[PDB]
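**Student:** Please see the structure below; I have some questions.
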Amino acid sequence: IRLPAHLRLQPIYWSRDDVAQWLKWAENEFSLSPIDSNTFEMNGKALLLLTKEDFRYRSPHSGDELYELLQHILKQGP
Ligand SMILES: [Cl-]
């Protein structure tokens, strides 16, 4: 993945602006339906506490994909 540099940190340290940039990157990188940043106005800590369901309610169309992408990020190697 061509993850942005500042996002190479462990997601537990991502800021709220960092998560804003994360949604921008994914939508562009994976051609996802638009995502409002206001939808996911949170830090990395709070974002990691979300369920794929929660992502979907917040983003009905590209929500679950973001969840799984986040899991890939977290899962460096199987
Ligand atoms: Cl913050």
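The chains in the structure tokens are called A, B, ... from first to last as shown; in each chain the residues are counted from 1, and the ligands are counted from 1 in the order shown.
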If you run DSSP on the backbone, which residues of stretch 2-71 of chain A are helix (DSSP H, G or I), as a PyMOL selection string?

**Tutor:** chain A and resi 6-8+11-13+16-29+44-48+52-58+63-71

**Student:** Report as a PyMOL selection string which protein, DNA and RNA residues come within 6 Å of ligand 1, using only C-alpha atoms and all ligand atoms.

**Tutor:** chain A and resi 15-16+43

**Student:** How far is it from atom CA of residue A:13 to atom CA of residue A:45, in Å with one decimal?

**Tutor:**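 So the answer is 7.0 Å.
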
**Student:** So what do you get for atom CA of residue A:41 versus atom CA of residue A:76, distance-wise?

**Tutor:**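 Rounded to one decimal, the two atoms are 25.3 Å apart.
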
**Student:** For residue A:66, find every residue with an atom within 12 Å (counting only C-alpha atoms), except residues of its own chain fewer than 6 positions away, and show them as a PyMOL selection string.

**Tutor:** chain A and resi 19+22-27+29-35+40+47-48+50-56+58-60+72-73

**Student:** Put those residues in a file: N, CA and C atoms, as a short mmCIF file (atom, residue, chain, number, x, y, z; two decimals), in the first residue's frame.

**Tutor:**
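Saved the output as out_0.cif:
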```
data_model
loop_
_atom_site.label_atom_id
_atom_site.label_comp_id
_atom_site.auth_asym_id
_atom_site.auth_seq_id
_atom_site.Cartn_x
_atom_site.Cartn_y
_atom_site.Cartn_z
N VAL A 19 -6.81 11.20 10.74
CA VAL A 19 -7.87 10.34 10.27
C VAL A 19 -8.60 11.02 9.13
N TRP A 22 -6.63 10.19 6.23
CA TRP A 22 -6.76 8.77 5.94
C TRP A 22 -7.97 8.50 5.05
N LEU A 23 -9.07 9.16 5.30
CA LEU A 23 -10.25 8.93 4.51
C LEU A 23 -10.07 9.50 3.13
N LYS A 24 -9.31 10.58 3.01
CA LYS A 24 -9.03 11.15 1.71
C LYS A 24 -8.22 10.15 0.91
N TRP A 25 -7.16 9.64 1.51
CA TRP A 25 -6.28 8.71 0.81
C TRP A 25 -7.01 7.49 0.30
N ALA A 26 -7.80 6.87 1.16
CA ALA A 26 -8.48 5.64 0.78
C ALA A 26 -9.46 5.88 -0.36
N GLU A 27 -10.25 6.94 -0.25
CA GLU A 27 -11.25 7.20 -1.27
C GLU A 27 -10.57 7.34 -2.62
N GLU A 29 -7.31 6.23 -3.31
CA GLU A 29 -6.54 5.02 -3.59
C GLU A 29 -7.40 3.86 -4.02
N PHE A 30 -8.62 3.77 -3.49
CA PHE A 30 -9.47 2.62 -3.77
C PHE A 30 -10.78 2.99 -4.46
N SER A 31 -10.84 4.18 -5.05
CA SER A 31 -12.04 4.61 -5.77
C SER A 31 -13.30 4.31 -4.98
N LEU A 32 -13.37 4.82 -3.76
CA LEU A 32 -14.54 4.62 -2.93
C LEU A 32 -15.53 5.75 -3.05
N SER A 33 -16.80 5.46 -2.74
CA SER A 33 -17.82 6.49 -2.71
C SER A 33 -17.38 7.61 -1.77
N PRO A 34 -17.80 8.85 -2.03
CA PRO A 34 -17.33 9.95 -1.18
C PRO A 34 -17.55 9.68 0.30
N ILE A 35 -16.68 10.26 1.12
CA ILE A 35 -16.76 10.15 2.58
C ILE A 35 -16.64 11.55 3.16
N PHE A 40 -16.55 10.99 10.25
CA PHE A 40 -15.60 10.32 11.12
C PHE A 40 -14.68 11.32 11.80
N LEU A 47 -11.23 5.72 16.70
CA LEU A 47 -11.51 5.02 15.45
C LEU A 47 -11.30 3.51 15.60
N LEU A 48 -10.26 3.11 16.34
CA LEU A 48 -10.00 1.69 16.55
C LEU A 48 -11.07 1.02 17.39
N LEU A 50 -14.20 1.22 16.84
CA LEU A 50 -15.42 1.13 16.04
C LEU A 50 -15.65 -0.25 15.47
N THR A 51 -16.91 -0.56 15.18
CA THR A 51 -17.31 -1.81 14.56
C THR A 51 -17.64 -1.55 13.10
N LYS A 52 -17.43 -2.56 12.25
CA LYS A 52 -17.76 -2.40 10.83
C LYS A 52 -19.17 -1.88 10.67
N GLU A 53 -20.09 -2.33 11.53
CA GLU A 53 -21.44 -1.78 11.54
C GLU A 53 -21.40 -0.27 11.76
N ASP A 54 -20.67 0.17 12.79
CA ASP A 54 -20.54 1.60 13.05
C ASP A 54 -20.03 2.34 11.82
N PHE A 55 -19.00 1.79 11.16
CA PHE A 55 -18.47 2.42 9.97
C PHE A 55 -19.56 2.56 8.93
N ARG A 56 -20.36 1.52 8.77
CA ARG A 56 -21.42 1.54 7.75
C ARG A 56 -22.48 2.58 8.05
N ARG A 58 -22.05 5.26 9.68
CA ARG A 58 -21.43 6.55 9.41
C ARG A 58 -21.18 6.74 7.93
N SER A 59 -20.79 5.70 7.22
CA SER A 59 -20.61 5.80 5.78
C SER A 59 -21.32 4.67 5.09
N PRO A 60 -22.60 4.84 4.76
CA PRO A 60 -23.36 3.72 4.19
C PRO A 60 -22.72 3.02 2.99
N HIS A 72 -6.26 -4.37 7.56
CA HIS A 72 -5.03 -4.68 6.83
C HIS A 72 -3.85 -3.89 7.38
N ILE A 73 -4.05 -2.59 7.54
CA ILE A 73 -3.04 -1.73 8.12
C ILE A 73 -2.56 -2.32 9.43
#
```
